[PDB]
Amino acid sequence: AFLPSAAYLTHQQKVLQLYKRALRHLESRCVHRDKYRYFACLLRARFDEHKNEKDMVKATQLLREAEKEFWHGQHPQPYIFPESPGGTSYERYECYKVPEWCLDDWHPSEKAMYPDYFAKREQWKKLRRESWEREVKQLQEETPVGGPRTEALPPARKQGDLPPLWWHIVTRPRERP
Amino acid sequence: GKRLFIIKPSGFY
Amino acid sequence: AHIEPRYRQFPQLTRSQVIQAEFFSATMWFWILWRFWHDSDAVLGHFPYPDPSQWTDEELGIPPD
Amino acid sequence: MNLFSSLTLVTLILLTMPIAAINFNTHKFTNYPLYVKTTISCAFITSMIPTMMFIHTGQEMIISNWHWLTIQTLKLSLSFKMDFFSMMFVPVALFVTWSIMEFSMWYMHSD
Amino acid sequence: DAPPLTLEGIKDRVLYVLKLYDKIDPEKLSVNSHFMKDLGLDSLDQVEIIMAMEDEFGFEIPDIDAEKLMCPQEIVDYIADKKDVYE
Amino acid sequence: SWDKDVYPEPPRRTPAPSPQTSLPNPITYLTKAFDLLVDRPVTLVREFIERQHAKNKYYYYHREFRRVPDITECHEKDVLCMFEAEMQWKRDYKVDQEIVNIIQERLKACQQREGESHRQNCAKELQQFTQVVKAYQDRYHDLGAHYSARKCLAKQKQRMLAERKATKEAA
Amino acid sequence: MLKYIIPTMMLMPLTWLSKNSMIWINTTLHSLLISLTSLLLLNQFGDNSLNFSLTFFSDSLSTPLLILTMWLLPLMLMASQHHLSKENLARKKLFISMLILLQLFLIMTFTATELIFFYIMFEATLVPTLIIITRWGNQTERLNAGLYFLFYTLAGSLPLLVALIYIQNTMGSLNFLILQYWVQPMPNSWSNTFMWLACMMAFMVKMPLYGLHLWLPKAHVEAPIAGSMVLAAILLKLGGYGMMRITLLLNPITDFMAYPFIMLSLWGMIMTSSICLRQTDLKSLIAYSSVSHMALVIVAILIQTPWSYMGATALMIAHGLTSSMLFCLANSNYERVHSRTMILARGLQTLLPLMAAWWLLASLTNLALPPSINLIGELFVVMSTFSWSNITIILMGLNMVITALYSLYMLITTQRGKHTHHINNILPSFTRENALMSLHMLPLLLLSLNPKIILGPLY
Amino acid sequence: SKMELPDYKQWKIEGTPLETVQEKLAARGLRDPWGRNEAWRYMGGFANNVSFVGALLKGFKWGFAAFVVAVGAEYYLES
Amino acid sequence: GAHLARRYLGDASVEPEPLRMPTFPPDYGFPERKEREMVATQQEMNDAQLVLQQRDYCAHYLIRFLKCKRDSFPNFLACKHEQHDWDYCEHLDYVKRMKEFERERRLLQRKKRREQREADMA
Amino acid sequence: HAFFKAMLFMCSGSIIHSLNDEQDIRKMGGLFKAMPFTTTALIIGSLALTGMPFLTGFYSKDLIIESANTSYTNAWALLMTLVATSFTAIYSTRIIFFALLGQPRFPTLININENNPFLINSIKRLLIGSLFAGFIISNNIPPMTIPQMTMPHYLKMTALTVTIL
Amino acid sequence: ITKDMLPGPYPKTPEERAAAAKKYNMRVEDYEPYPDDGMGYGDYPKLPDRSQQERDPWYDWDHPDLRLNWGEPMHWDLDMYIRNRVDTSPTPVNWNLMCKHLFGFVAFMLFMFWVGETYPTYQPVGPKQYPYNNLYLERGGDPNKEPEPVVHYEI
Amino acid sequence: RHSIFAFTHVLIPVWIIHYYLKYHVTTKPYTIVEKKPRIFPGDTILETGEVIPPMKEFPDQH
Ligand SMILES: CCCCCCCCCCCCCCCCCC(=O)OC[C@H](COP(=O)([O-])OC[C@H](O)COP(=O)([O-])OC[C@H](COC(=O)CCCCCCCCCCCCCCCCC)OC(=O)CCCCCCCCCCCCCCCCC)OC(=O)CCCCCCCCCCCCCCCCC
Ligand SMILES: CCCCCCCCCCCCCCCCCC(=O)OC[C@H](COP(=O)([O-])OCC[N+](C)(C)C)OC(=O)CCCCCCCCCCCCCCCCC
Ligand SMILES: CCCCCCCCCCCCCCCCCC(=O)OC[C@H](COP(=O)([O-])OCC[N+](C)(C)C)OC(=O)CCCCCCCCCCCCCCCCC
Ligand SMILES: CCCCCCCCCCCCCCCCCC(=O)OC[C@H](COP(=O)(O)OCCN)OC(=O)CCCCCCCCCCCCCCCCC
Ligand SMILES: *C(=O)CCCCCCCCCCCCC
C-alpha cells in the first residue's frame, strides 16, 4: 500500500494490522480490562482458527470478509493515544520544536551566555561538514543505475565515517522541549 | 540538575 | 517531602488532602441536611394545591336551572 | 454615589494595569502569573463593594464618562451600565477567573 | 510531572511486562531473547507484546516499526529513540 | 457645572437610614474610609490646583454669528450671497443636530433616573423627543450626502405644496 | 497648499545632492518632517472648507488622504531600501525621485479646486507608478501588468476628459466650490446616462469595480513594495475621492444609474473574498482583499447618504494603512524565502514571534475588529446600506464572515503549524522591518482614540 | 535515580475477576496469557472500590453527625 | 394537566379558552359581588418602583418585604416573615385565578347541559 | 452555573494532569481514593449540575423547571427540557462512573499527585462557591418577577423525580 | 526552473502524454489529466481527490504538517484538501444514512415544535389581574383620556 | 515595601479615578446619572424632612 521500505503490504502484514486494529477497537468497545481480556482471547481464537491456512485465495477471501466484519463492528470514537495522530495531545509541542540552525542566528551576547554549549556545537558542525562529502560519495557509489529502488538508507561501512544523511535525524528536536 | 538547553529563535533583536 | 511515584500500586497520599476531602464531603451533607431541615418546602412544596373538583357551586356562582 | 462609581471604574482600570505591566517590561518578571492572580483577587475585592451597596438599596447608575464621537445624532460615549446584571456578574466572573488563574499557575507551569 | 525514563528503567519495565506473559517463562528471558527464534512465539504474540508495550509506556508504536521489533533490546532501543532518553 | 434649565433634573429625595438589624453595615465604614483616604486628598489637590488657576485668570468666549440673509432672499447663481446663506444653513443644521442630542440625553437620563416606572414618569420627555424628531425629520431627512440649502428649500417647498393641497382638498 | 508642494519638490535636490550613503536617511528624515507638517490641514470648520487659493483647497475629505499620502513616503523609503540596496546609485536616486514625484502629484491631486486640474494630476499619477512597476518590478509579468494598469485607466479616463470639458462649456466652470452653488439637476435622458458613465467609469476602474478589477492583482503583485504600498493605500482612493466630488453633479440620475454598479460591488465583495479563500499567492490574496474592501466604498458612494460617506472615507483611510501593512508583512517574508507562495513558508510564529504579533494585529484590523476605524468604516457602510435596503444585510454579513475567514486563514497558513524544514534562511526580524510594521499599525490604532478627523466633510 | 520495581511474582490472578474470566475461557478450552499483566489493577489498594451510592454518600456520616449536633445546639439554644 | 387532555382529546365546547376568559359576565351568578380592594396606593408602588408584573393586587406585602430587605442589611436572613406573607397572598391570588378557571368551566358545563336539554325538549 | 461548571473543568484537568495528559474516560478509574479531593469536588459539582437539593444549582435549576412547567408554554419544548434534565443526570454519573469508580485503566506508572496548594486552593474556593453561592445569591438578589410557588405535587416534584429516574 | 518544467497544454499524442508524465514525476499509466473541456487545466494531473487527512500519519513525510513529499505532484486543490480544511476520510456511518438521519431528526423536531406551538400547555387558572384599569397609567396611558373601567371582583 | 500592591494598584487609581469623576465627569450633565433611591411608606426624606404616610391597614389574611 504505502511504506518507505517495501512497495506493498504482504498478506501476513495485512492480517497482523487487522488483528491489532481489531484488538484496539474491541478495547474501545470493551472498556473494562477483564471483559476486554475475555473477548480478546475469543478474538485470538477466531484468528487462530484459520491460522494454518495454506490456500492464499481462501486466506485472501477470509481476510477481506474479516475486514468487512471489522468495518461493521468498529467503535465510532476509538481510543487513540494522546501523542498518536488523532489524539488530544498529538503535535501539541511542534510549536516548541525550534530547529537547530536557529542557534546560528543568535547575537553574540546571548552566545556568550552559553559558552560551553556553542563551543561544543562547533565541533558537531565541524564533524558534519567533514562527514558530508564522504557520505555523498558513499551514496553515489552504492546506489544502482536509475536511482534508488527503495527509500532505505545504507549504513556507514568504514570506521570514522558517519552514516549518510544523519544530520537531520540526529539533530532533530526533542519531544518535550 | 540535568538542565537541558532549550533551542529557541533569536530573541535579541 | 514531595510524592514519589509508585509502580502498579496505589499511590502515596498526604494526610492533608484526605482530611480536606472528608471535610468538604461532610460540609456538603451537613449543608444539605441543614437546609432540608429548615426549609423543607423548596423541594416538596410551599403551599397546598387546592382541588377545583371539591369546590362547591355556591362559592363559584353556579345557579341551578 | 462617589464610592460606587469610583470602585466600579477602579475594578476595570486595575484589570488593565497588568497589561501595561506586561507591555512595559525589560526583565524576566518576578512571577507575573502571581501578579495577575493577585490583581484579579484584589479586583474581586474592589467589585464586592458596589455589589454590596446594590444589595442594600438597589443603587444603579450609568457612567458615561468619555464622549467618544457624535455621528450627527448618535453621541457615542464610553458608557458603563451599573445595573443588577453588571453587579451580579462582575464579582462572579472575577471570583471564577481568580480560581481559574490559580489553577493555571499549576496546570500551565511547564509552558 | 512526567519523570524521565532511563534505559535501565525502560529495560526493567519491558522485561517486567514480558515476565508477566504466560507464553514466556521468566528464567529463559533476556534482552536478546528473539521471540520467534528463541522464545518460539507467534506473530500474533508479537502483536500482543507490542500492544502491551503501548499499554505500558503510553504511546503507539506504528506497524511498520511494530513488525520489526523482534527482541526486547530492539523494543527498549525503539522506546529510547522515541522518548530521547539519556539526554 | 452646567445650566439646570437645559438639562433638567427633578429634585432628589433620598430616605433616611432606618436600620432594623444590629449588625453594622460595611457601607458606612467604607464610606468613612473613602472620605478619609480618598475624598479629602483629592479635595486638597484640587484646591491647590484651583489656587493655581486663581493666580492667573483669563477667559474664552462663545462665538456669536450674526444672522446673514438666508437662501430664499439670495439671487439664483449669486455665489457671494448664497455662500453666506449656505454657511448660515450649515451652522443651523449642526446646532439642530446638537439640539436633538440634548433631547436624547434628557430622555435617556430620565429613563435611567426613573428606573422601573420610566414608562409612566417619562411621558413629557418622550413627548418632547417625538416633537423634536418630527421637526428634524421634516427639516433635514432625505437630503442626501450632497445636502445644501437649495435641497432643503426644495424639500420645504414640496412639503408646503403637499400641505396646501391637503388643506385645499379638505374644504 | 504651496507650503507642502515646495518641500516635496525640494526633496528632489535633497535626493540628488545627498552623499551616496545618505540618500535614504535624508529623504526619510525630511519626508517625516513634511508628514509632521501635514497636520496643519486639520484646521477644518463645520461650515466652510479650508480654502487656500484659486487653485488649492482642502475639506475634511481631502485632508486625511493628504496626511496618509505624506505619511506613506518615508514608509515606502524604509520598505524599499533593502531590496534596492545593490542597485546603481543613479537608478536608486531615480526610484526615490519617482516616489517623491508621485507624492508631489497626489498632494495636489487631492487639493485640486478645479476638476480638470484634478484630472491632469489624477492621470499624471500613472506615469511614476508605471515606471516603478515596469522598471523595479521583480518578475516577467511587470510589463504586462504595466500595460493593464495603463490601459484600463486611460480607457476609463478619456471619456472623463470629454465629460469634464463638456461641464466646463455648459456650467462655465469646473471649480468645485462654484459647482457647489451652480449645480443643476441632471434629468433622465440617454445623453445624461452617458454623461453619468463618462463621469463615473474612470473612478470605477480606479477603485476598482468588480469586473474591471483585472489590472489590480497584476499591478499590485508585480510592483515592488513601494509600488504596492502606494497602489494599495492612495491610488485606489483617488477613485473614491473623484466619485465623492463628481457625484455632486450627477443628481437625480444617480438614484437609478447606481443600481447595476451597486449590484456589481455587492456581489464583487462576496466573489473577491471567496477568491481570497483560494489564493496560493499571498500578495494576490492581499490584492483581492483590496478589491473586496473597495467594493463597500463604491456602494457607500453610490447610495450617497451621510453615514455612507463617513464610513467610506473612514474605510478608505483604514484600508490604506491596513493593506499597506499587509503588503509590507508579505514583503518581510518574501525577502527571506524569495517566493510569494503562501504555503511555502509555514509555522513562522515559531521563528519570528514579534513579526507574528504584527501579522496578528494586521489580520485583526483586516477583519474589522472594533474599535478600529476599519470597523468604524465597515459598520457605518453597513448601517447606510441597511437603510438603503434591508436585504443587503445578508450580503454584508456573508462578506464579513468570508473576510474573517481569509484573514485568519492567511494568519494560520503563514504563521501557524509546523515550520517548513528545508527553509533555513529565516533571519530574525530587522529593526527596519519592525519599525515599518509599527509605523503602519500605531497610527491605525491611535486613530481609534480620536476618529473624528477621518470621517470626512460631513461628520 | 533507580526506581525499584516490585516483584512480578506477587501479581497472581487468584481472587480477581481475571480468575472468573479464565474459568469462562477454560470452559471452552481457551487460556489467557496476559492476566497477570492486568492483575495489579484489581489487587492491593485499588481492590474493593466503592459503589455509586457509596460514592455519593462520602462524608455522609460526619455530615449527619454535625447535623445532629447543630440541631441539638439550636434546640438547646432557644431555651 | 388533565385539562389539557380534556381540551385537546375531548371537545373545546366545554373547556375554557385561556386567552379569552371570562366569557361570562362577572355578575352572572353573583348577587351583589364585591370588588377586589387595592391596598397599596398607586403613588406608593410608584415610589417603590415595583415591576409592572409585580404591581398586582397584593403589592403591599411586596412593599413591606422590600422595605424590610433594605432595612435589615446585611442580615440577609432576617425578613423571612414578610416574604412568606407576600408568598401567601400570591398563593391566595393564584387560588382566585383557579376559581375563575373552575367558574368558567362549570358555566360552560351549564351552557352545554342547557343546549342539550333544549335539543331534547324542542 | 459558573461555579460548578468551572470546577468540573478544573477537576477534569486535575485528572488529565495526574494521568499524563489523558483526557479519555475509558483509561481512568479508581480515582475515588487515589485522587480523593478531586473526587470530592467532582461529586459535589456533578450534584450541583444535576440539581441536588440546596446546593448551588438547586436555587436556579429547580426554579427554572418549576416555572417552565407552570406557564403557557410550548409543550414539546417542556417535554424535551425534562428529557434533557434526565440526560444531565445520565452523563454526570457517566463522568463519575468511568472517571472515578471501578478499577484502574490508566497505564502502570502512577504519577497521581494533586498536592499543590495552587490546585487545592483553586478547587477549594469554587467548592465553597458550589456549596453556598446559590443560597447566598438567591437570598441577596431582590424580587424582579412574581415566583410561581403554587402548583400540584407531581408538578412541584418534577425535576427531582426526573433526575432520580 | 525553466520552460519545459512548467505545465503546458493538454496532451494529445502518447509521447506528449509520456513527456508530461515525466514532467509531473509520476508513472505514465497513473498519469491522467483533467478532461479537455477547455476549463483551463492544461496537462495538470487529476489526482484521486483525497484530503491530506487520509495520508499515512506515521510515514516520515517531507512536509509533516501537510503529509506531503518533495517533488510529489500536488493535487490541484491542495490548498483545499489541507487538514485545516475539507476532509474526505472514510466515516463509520454511510454518507446517505447520515444525511437521512440528520434531516429526519431536524425535520421531526421542527414538526414537533410546531405541533406543540399549536397545542400549548398551560395551567388551570384565569388571567393575571391588575388594579387601576389593568394598570392604565403605568403602561404609558395618557391622563387626558379616561379608559374604560376594568373592574375585578372577589371570588 | 510589603503592602506596595494595595498602594500602587488601588489607592493611587482610586485617587486618580475619584479626582477624574469628581471634577471632570460629574461637572458635565447626565454623564453620571443615577437611578433615584427607592421610597417606601414610612420613610423620611432627607432633602425635605417630609415623612411618607404609611400604607392602609391590611385586611389581615392569617
Ligand atoms: C495618545 C496616547 C495613547 C496612549 C494609549 C495607547 C493606546 C493603544 C495604542 C496601541 C497599543 C498596541 C501597540 C503595542 C502592541 C504591538 C507590538 C507588540 O506586539 O508588542 C508586544 C510587546 C510586549 O510583548 P513581548 O512578549 O515582549 O513580545 C511580543 C511577543 O513576542 C508576541 O506578542 P503577543 O502576541 O504575545 O502580544 C500581542 C498581543 C496579542 O493580543 C491581541 O492581539 C489581542 C487584542 C485584541 C483583543 C483585545 C482587545 C479588544 C478591543 C478592546 C480594547 C480597546 C477598547 C477599550 C476601551 C473600553 C471599551 C470601549 O497584543 C497586545 O498585547 C496588544 C495590547 C493592546 C491592544 C490594543 C488593540 C489591538 C487589537 C487590534 C485592533 C483592535 C481595535 C483598535 C483598538 C485601539 C485602542 C486604542 O509590547 C511592548 O513591548 C510595547 C511597546 C510599546 C507600545 C506602545 C503603544 C502605543 C504607542 C503610541 C505612540 C504615540 C502616542 C504616545 C502614547 C504611548 C503610550 C505607551
Ligand atoms: C497612568 C496614567 C493615568 C493618568 C496619570 C496622570 C494624571 C493624574 C490623575 C488626574 C487625571 C487627569 C486629569 C483629568 C482627566 C481629563 C479630564 C477631561 O476633561 O478630559 C477630557 C476628555 C473627557 O471627555 P470630554 O467629553 O471632556 O471630551 C471629549 C472630546 N470631544 C468633546 C472633543 C469629543 O478626555 C479624556 O478624559 C480622555 C480619557 C479617555 C479614557 C477612555 C479611553 C478609551 C480607550 C479606547 C478608545 C476607543 C473606545 C471606542 C468606543 C467608545 C464607546 C462607544
Ligand atoms: C474602462 C473602459 C470603458 C470606459 C467606459 C467609459 C464610459 C462609457 C460611455 C462613454 C461615452 C462617451 C463619453 C460621453 C461624454 C458625455 C458628454 C456629453 O455632453 O454627453 C451628452 C451628449 C449629448 O449631445 P450634445 O451635448 O451635443 O447635445 C446637448 C444635449 N442635448 C442632447 C440634450 C441637446 O452625448 C453625446 O453627444 C454622445 C454621448 C455618447 C457617446 C457614445 C460613444 C462612445 C461609446 C462608448 C465607448 C466606451 C469606451 C470604449 C473603448 C474602451 C477601450 C477599448
Ligand atoms: C434564528 C436562526 C438560527 C439559524 C441556525 C442555523 C444557521 C446556520 C446553518 C449552518 C451554516 C454554518 C455551518 C456550515 C459551515 C461550517 C464550517 C466549519 O465549521 O468548518 C469546520 C471545518 C473543520 O471542522 P471539523 O470537521 O470539526 O474538524 C475536525 C478536525 N479536522 O473547517 C474547515 O473545513 C475549514 C473551512 C474553511 C472555509 C469555510 C467555508 C464555508 C463558509 C460558510 C459561510 C456561511 C455563511 C452564512 C451566511 C448566512 C446569511 C444569513
Ligand atoms: C397537566 O398535566 C398540567 C401539567 C403540565 C403539562 C404536563 C406536564 C408533564 C410533564 C411533567 C410531569 C411529569 C411526571 C412524571
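Cβ coordinates are placed from backbone N, Cα and C, and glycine is handled just like the others.
Among the features that Swiss-Prot reports, transmembrane segment is placed at G:22-42 (among others), with the record citing sequence analysis.
Proximity of distant same-chain residues to the transmembrane segment (G:60-80), defined by a Cβ-Cβ separation under 8 Å and at least 6 residues beyond the stretch ends, is recorded for 4, 24, 27-28, 31-32, 34-35, 37-39, 41-42, 44, 49-50, 95-96, 99-100, 103, 106-107, 110-111, 136, 224-226, 229-230, 233-234, 237, 241, 244, 313, 316-317, 320-321, 324, 328, 331, 432, 435-436, 439-440, 443, 453-459. Among the features that Swiss-Prot reports, transmembrane segment is placed at G:60-80 (among others).
According to Swiss-Prot, the feature transmembrane segment maps to G:98-118 (among others), an assignment based on sequence analysis.
The transmembrane segment annotation in Swiss-Prot covers G:147-167 (among others) and is backed by sequence analysis.
Annotation comment: Swiss-Prot describes G:196-216 (among others) as transmembrane segment.
The transmembrane segment annotation in Swiss-Prot covers G:224-244 (among others). Residues 61-62, 65, 68-69, 72, 75-77, 79-80, 83-84, 95, 99, 102, 106, 109-110, 118, 122, 125, 129, 132-133, 136-138, 200, 202-208, 216, 283, 286-287, 290, 294, 297-298, 301, 309, 312-313, 316, 319-321, 323-324, 327-328, 331, 456 of the same chain lie 6 or more positions beyond the ends of the transmembrane segment (G:224-244) yet place their CB under 8 Å from a CB of it.
According to Swiss-Prot, the feature transmembrane segment maps to G:256-276 (among others), an assignment based on sequence analysis.
For G:284-303 (among others), the entry in Swiss-Prot reads transmembrane segment. If one looks beyond the transmembrane segment (G:284-303) by at least 6 residues along the same chain, the residues whose Cβ comes under 8 Å of a Cβ in the stretch are 204, 207-210, 213, 216-217, 220-221, 232, 236, 239-240, 243-244, 247, 254, 258, 261-262, 265-266, 268-269, 272-273, 275-276, 309, 311-312, 315-316, 319, 323, 326-327, 330, 340, 342, 366, 378, 380-381, 384-385, 388, 396, 399, 403, 406-407, 410.
Annotated transmembrane segment per Swiss-Prot: G:308-330 (among others), in sequence order.
Beyond the transmembrane segment (G:351-371), the same-chain residues lying 6 or more positions past its ends with a Cβ under 8 Å from any Cβ of the stretch are 289, 318, 321-322, 325-326, 329, 332, 378-379, 400, 403-404, 407-408, 410-411, 414-415, 419, 426, 428-429, 433-434, 437-438, 440-441, 444-445, 448. Positions annotated as transmembrane segment by Swiss-Prot: G:351-371 (among others).
With a cut-off of 8 Å between Cβ atoms, the residues of this chain six or more beyond the transmembrane segment (G:391-411) that come close are 266-267, 269-270, 273-274, 276-277, 282, 285, 289, 292, 296, 342, 359-360, 363-364, 366-368, 378, 381-382, 385. The transmembrane segment annotation in Swiss-Prot covers G:391-411 (among others).
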Distant-in-sequence neighbours of the transmembrane segment (G:22-42), which means Cβ under 8 A and at least six residues beyond its ends: 3-4, 7-8, 10-11, 14-15, 50, 58, 63, 66-67, 70-71, 73-74, 77-78, 81, 89, 92-93, 96, 100, 103, 453
Best-contacting stretch, by C-beta pairs under 8 Å, relative to the transmembrane segment (G:256-276) and drawn from G:98-118, G:196-216, G:308-330: G:196-216
Folded-back contacts onto the transmembrane segment (G:308-330), same chain, C-beta under 8 angstroms, at least six residues removed: 61, 64-65, 68, 72, 75, 79, 220, 225, 228-229, 232-234, 236-237, 240, 244, 282-283, 286, 289-290, 293-294, 296-297, 299-301, 340, 355, 358-359, 362, 365-366, 372-374, 376-385, 433, 436-437, 440-441, 443-444, 447, 451, 454-459
